[PDB]
Structures are given as C-alpha cells and as structure tokens.
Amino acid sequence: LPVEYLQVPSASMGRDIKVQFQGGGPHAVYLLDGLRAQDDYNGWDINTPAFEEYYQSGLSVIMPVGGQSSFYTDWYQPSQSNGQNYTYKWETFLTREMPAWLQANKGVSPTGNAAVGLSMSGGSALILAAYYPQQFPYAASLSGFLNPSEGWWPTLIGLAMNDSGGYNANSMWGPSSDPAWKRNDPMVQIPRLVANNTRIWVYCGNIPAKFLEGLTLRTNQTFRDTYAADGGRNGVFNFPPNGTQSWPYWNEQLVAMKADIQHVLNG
C-alpha cells in the first residue's frame, strides 16, 4: 500500500502537523480521529483496515495526526490546564493550511471532498460541511456529539476533554453561554446543512451508563427529527439496535458508506 506520512507546516499553530496519506484520486476522504487522538498515528490506522478498504476506490484518504480533545476546532486560547503552549487552530488547518499543501504538492482538490468523523469529530465533520460546503459536500458523523451546546452536553464534553489529556473546554469555546457553543453545534446548524444540500451520513449505536445512554438516544432522535422537520432530504440515518461505539462498528460504517461517497464525490 502506497501510504505516506507527511509533515505539513501549520503557520497558525506554529508547528508541523503529521498527516498520513494515501493517494488514488483528486477527491479525498478526510478521516478524523476520536477524543484520545495520539501524536504518532491516527486512530483509524491504529485500529482499522481503512487504508486497505479504500485502496483503489478512486478516492484519496487523508488521516491527520494529533489534536487530542481538540474537536478539530479553532480554540480561543491555549488549554487552561495541561501545559499546552500554543492555541489549537484545527479548523484553520483542515480548511486552509492542509488542503493548500496537498493541492500544491500532490494535486489533491481542495473542493469536493468528504469529512468523516467519530466520537469527538463526528460533530466536527458536520460543522465543516455546514460552514465550508464547497470543500465538504459530504459529511459523516459516527457516534458524534450532535447537540453539544444543549442540556448536559457542555458539562459532559468538558469532563471528557479533561479526562482525555486534561484539556479545558472553557479555553476552546468559552463558558457554555458563549456563542461558540451554538456556532459549533450540528443540531443548531441543521438549516445550513439543509441549505447546502450536504449529503450527511449519521450513525449511532447504543454518571451511570444507563443515564448517559438515555441522553444520547434522545439527542440523536431529536437531531434526526429536526433534520426532516427543517426540510432535510439528503441524509442517511443508521441506528441499528446492535450498534456499538467502537472501532469495529465505526469501520463497518466507513465500509458501508464507501459506495455512497463514491457516487456523491465522483458521480
């Protein structure tokens, strides 16, 4: 497999970002990592046969490396906690710096791509499509936080970020009253997804665990209902009863959506 590891400078973060890359077409699937993203390899490559599965698909595969608890967003400030000495600017990196580099050096198109995220980055993928539709006509959220600004979620997200490397949600989007929470909330941005005619693929499977499961189920159902209510007509919603929040099932969804991505991005 022709897999490469690239060092892509980020001016906005003042450091080089490692990117795992497999070519195979001008359009690409951006495979975003989960909450506990490591600095050596992307979780998709650690845990799944994603590169092999998309080999000769007619699509390039891009796996950025790093950004633990970042939500692939532009933060307000360095993390209030764990000694981070720069500000995460992952939205700038994914929408400007990285595609600029891949276009200039390899001819990867900056437009007409897919964003696929899981856990932490499921919502990120939808937000990228909401605000950058020419770049991401396709977005998939696998077990993402679909309503991060609502109810229990700002607290639960803050707790998860702190548990995953000691990152501080206040440094990211401010207190939960800050406009950044709603800005980055896929539920709140459903009208953009509808206006953009984004092709969305939304998966989810199924404090005490049962309480968390109830919150998750209700939020996911609300997202689906709201998408339809708001005139959404370009979505796939996969809620299989046996679905889990795990790399094996996230891989199953990545494989299942391959034909979908091929038809949307490559006709």
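Numbering starts at 1 and follows the sequence shown.
Please classify the unmodelled stretch of the deposited sequence between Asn206 and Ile207: none, 1 to 3, 4 to 9, or 10 or more residues.
10 or more residues are missing.
Per the record, averaged over C-alpha atoms, which has the higher B-factor: 136 to 144 or 85 to 93?
Mean CA B-factor is higher for 85 to 93.
If you average the Cα B factors in the entry, which is higher, 44 to 52 or 236 to 244?
Comparing 236 to 244 with 44 to 52, the higher mean C-alpha B-factor belongs to 236 to 244.
Would you mind finding, among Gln103, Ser79, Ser124, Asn113, the residue with the largest C-alpha temperature factor in the entry?
When the deposited C-alpha B-factors of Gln103, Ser79, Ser124, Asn113 are compared, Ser79 is largest.
Which third, lowest, middle or highest, does the CA B-factor of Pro191 fall in along this chain?
Its C-alpha B-factor belongs to the highest third of this chain's values.
If you rank the chain by CA B-factor, which third does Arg199 end up in: lowest, middle or highest?
For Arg199, the deposited C-alpha B-factor lands in the lowest third.
Is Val264 in the lowest, middle or highest third of its chain when residues are ranked by C-alpha B-factor?
Within its chain, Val264 is a highest-third residue by C-alpha B-factor, going by the deposited values.
Quick check on the deposited entry: does the C-alpha B-factor of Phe223 sit in the lowest, middle or highest third of its chain?
Middle third - that is where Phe223 ends up once the chain's C-alpha B-factors are sorted.
Taking the chain's C-alpha temperature factors as the reference, tell me which third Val65 falls into: lowest, middle or highest.
Its C-alpha B-factor, which the entry lists for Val65, ranks in the lowest third among residues of this chain.
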